[PDB]
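One chain comes next, on its own, written as structure tokens: the form deposited in one PDB entry.
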């Protein structure tokens, strides 16, 4: 049938340090900046971060949102080709071959993913700018060799409660079931295409499967990132707990658990979106198999 939402496309920069998502806040570092607002509220020395978050961090999110909206025309272009390539009825109303429209799909797909990167390059430079400000701002803690770790371990306790709110094993179970069904359908389609002569419908199935493979890859990437965050933060909870550390280590402490938790929330958002995307593609495939086998008369 039709795909009316293509939020599953994302892209990373060339250095592979930043990942751009069409879901707010588009960068995982925004979630880290939101997490550092919590850390700063427990230190009277660094509570001037209240002003930094509402100016620089709030502006970065708005600029990221405006950047994503710029690519809306390119988004509609891809979405257009997708609806023709997965619907044999709409495809027969035009005269270009399936190979030709598939090439157009790849070009318009990469022009759109290229747009979300290109229009967000300056927002990337600002992220590194804000991180170093937070580092310098943490220097004003009134300690040196005996910086208390109570705030650091208090947040770890909070994060374990937050981890338990995510049904990770259901996500893992679902990705393995639909990956298995997807791979089984791919091998199935290459055998029955020799038996049933319906080139248009067969190709619509193959295109949707191509999109399913992409969505499965993104789901598996985010599930692994989320698993890594939970495993690492839980290891810190079970580990040795020093009461005092140096100031530069406490900086890494906050940056460590902050980045882990930012990836956990960013991944939770994407996996919830990719789960919906994959389930909608699966129904299209089995709908297309119904049409392939329902008009044999």
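Note that the rigid core is defined as the largest set of C-alphas that superpose within 1.5 Å between two forms. Numbering follows the first chain given and starts at 1.
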{"item": "Entry-level comparison of average CA B-factors, 253 to 261 and 54 to 62, reporting the higher stretch", "value": "54 to 62"}
{"item": "Mean Cα B-factor comparison, 135 to 143 or 178 to 186, giving the higher one as deposited", "value": "135 to 143"}
{"item": "Highest recorded Cα temperature factor - choice among 272, 229, 29, 244", "value": "244"}
{"item": "Per the PDB entry, maximal CA B factor within 126, 208, 77, 170", "value": "126"}
{"item": "Cα B factor band for residue 161 (lowest, middle or highest third within the chain)", "value": "lowest"}
{"item": "Third of the chain, ranked by Cα B-factor, where residue 41 sits", "value": "highest"}
{"item": "Where the record places residue 220 (Cα B-factor, split into thirds across the chain)", "value": "lowest"}
{"item": "Chain-wide C-alpha B factor ranking for residue 292, given as lowest, middle or highest third", "value": "lowest"}
{"item": "Within-chain third of residue 17 by Cα B-factor, per the entry", "value": "highest"}
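Below, we turn to the form deposited in another entry, even though it does not appear here.
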| query | finding |
| --- | --- |
| Rigid-core fit between this form and the one not shown, the member of 129, 194, 165, 121 whose C-alpha shifts 2 angstroms or more | 194 |
| Cα distance between residue 85 and residue 195, which in that other deposited form differs by 3 Å or more from this form, closer or farther | closer |
| Cα-Cα trend for residue 205 and residue 196, given that in that other deposited form the distance shifts by 3 Å or more | farther |
